[PDB]
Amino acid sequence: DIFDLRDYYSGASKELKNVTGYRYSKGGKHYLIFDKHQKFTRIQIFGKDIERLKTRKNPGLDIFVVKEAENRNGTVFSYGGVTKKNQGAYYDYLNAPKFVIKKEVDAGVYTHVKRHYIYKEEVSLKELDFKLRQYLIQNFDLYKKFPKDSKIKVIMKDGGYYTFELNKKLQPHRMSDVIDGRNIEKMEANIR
């Protein structure tokens, strides 16, 4: 339902920094597990990230967590969103691509130009998708109308791009994909 899609992207998320993930696999699924305050978080890993993490112990990770499920032990489950922590040390954002939002209005389309500040060298598609939708829900009335063919496009300096179709959740198998934050040129959204 459209309201479940909205409530997903309006919900809580957290960025965990410099954590050590332990790799394993069960039933043909691949995971990274970590612990904090005597509690576990299990992250499912997808795509070719499955062998970028090919060692048991993986220090120095950043994880973007969106709770998908939680059990009685309080173990939280989330999909993808694992990146390497920054090698640099920064005092402000490292890139500020324009976010060009074309919003349908009465009798036309109105283009708003915003910035989206990037603080990470390696950024997951999961994090960008989630944060950009949440911003559009809060500020540009995303999901107050049915989204139809609405999309977000992230365009890289070399001309490569990534597309987020707004009529459904980001596909789980894409939630491990990572891009270089320094190389994003611009982002576009067309909103109903």
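Numbers for residues come from their place in the sequence shown, where the first is 1.
**Q** Using only the Cα atoms and their B-factors as the entry lists them, report which of 59-67 and 39-47 averages higher.
**A** So the stretch with the higher mean C-alpha B-factor is 39-47.
**Q** Tell me which stretch has the larger mean Cα B-factor in this entry, 175-183 or 16-24.
**A** Per the PDB entry, the higher value belongs to 16-24.
**Q** For the listed residues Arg133, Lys151, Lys54, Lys126, which one has the largest C-alpha B-factor as given in the deposited model?
**A** Comparing C-alpha B-factors across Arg133, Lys151, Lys54, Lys126, the top value belongs to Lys54.
**Q** Please say which third, lowest, middle or highest, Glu165 falls into when its CA temperature factor is compared across its chain.
**A** CA B-factor rank for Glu165: lowest third.
**Q** Going by the entry, which third of its chain does the Cα temperature factor of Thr75 land in?
**A** Ranked within chain, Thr75 CA B lands in the highest tercile.
**Q** Comparing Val105 with the other modelled residues of its chain, is its CA B-factor in the lowest, middle or highest third?
**A** Highest third - that is where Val105 ends up once the chain's C-alpha B-factors are sorted.
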